[PDB]
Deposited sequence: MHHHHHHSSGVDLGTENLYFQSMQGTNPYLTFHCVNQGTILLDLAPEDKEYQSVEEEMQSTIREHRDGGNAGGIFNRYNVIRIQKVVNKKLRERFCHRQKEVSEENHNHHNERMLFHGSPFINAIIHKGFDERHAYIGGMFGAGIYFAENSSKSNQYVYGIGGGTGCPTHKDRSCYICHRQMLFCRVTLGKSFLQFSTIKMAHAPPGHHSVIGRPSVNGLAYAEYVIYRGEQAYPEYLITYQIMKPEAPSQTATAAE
């Protein structure tokens, strides 16, 4: 099955991830409502995720995309936030659990910003917050999110909202961009993301 490797805070890889996570915070048009109000994360733990059968599926699908797109699979590290991280680290992302209702349809949703994904950790628009306090802005309950390798191949740039079941013909990903507040990345096959890093953390209260 799946194996989680603890990264030590002195591991360069640990700081690499934290750095990405911390710096990619932005303030939102919420009032920080859904993800909660903060400027910084307390990172409790970071584990690297290792799963043979998942990696084999990811690697092969890259090949495919690489042929379809002039030998460049265009892999980017992006954050994912949702309630189903636990499923995801043993099984992998799975488009069968993605439905048409989403902002861009039956895709799996990522972000270049940590703080974007943190809005989705307890559901769409924060659902009813953390299990235990019903608080979108719990500064105590441990949150989880993922820092993934995503195979984008050839992205179809999108500006308004459109609902679609699959990637558009000739493309391998959608990107929804500004004029929308921050960048969103959407794939429509689970094998085009590998959950490389599991981050456990809390959001800190400003003074």
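- No C-alpha positions are given in the record for the deposited-sequence stretches 1-37, 217-219, 248-257.
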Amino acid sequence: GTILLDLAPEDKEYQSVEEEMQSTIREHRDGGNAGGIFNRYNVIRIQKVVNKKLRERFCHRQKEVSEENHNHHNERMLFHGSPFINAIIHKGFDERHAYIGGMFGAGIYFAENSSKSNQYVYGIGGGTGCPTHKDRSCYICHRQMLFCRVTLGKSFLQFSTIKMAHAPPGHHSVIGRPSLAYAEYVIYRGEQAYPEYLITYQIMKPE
From here on, numbers count along this sequence of modelled residues.
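- In all of the other compared structures of this protein with flanking residues present, residue 66 is modelled, so it falls below the one-third mark for missing coordinates.
- In at least a third of the other compared PDB entries of this protein that cover both flanking sides, residue 179 is left without coordinates.
- Mean CA B-factor, 71-79 versus 131-139: the higher value falls on 131-139.
- Comparing 101-109 with 83-91, the higher mean C-alpha B-factor in the PDB entry belongs to 101-109.
- The entry assigns its greatest Cα B factor, within the set 61, 53, 149, 26, to 26.
- Across 144, 155, 47, 158, the greatest Cα temperature factor reported in the deposited entry is at 158.
- Placement of the Cα temperature factor of residue 65 within the chain: middle third of the modelled residues, per the deposited record.
- In the deposited entry, the Cα temperature factor of residue 171 sits in the middle third of values across the chain's modelled residues.
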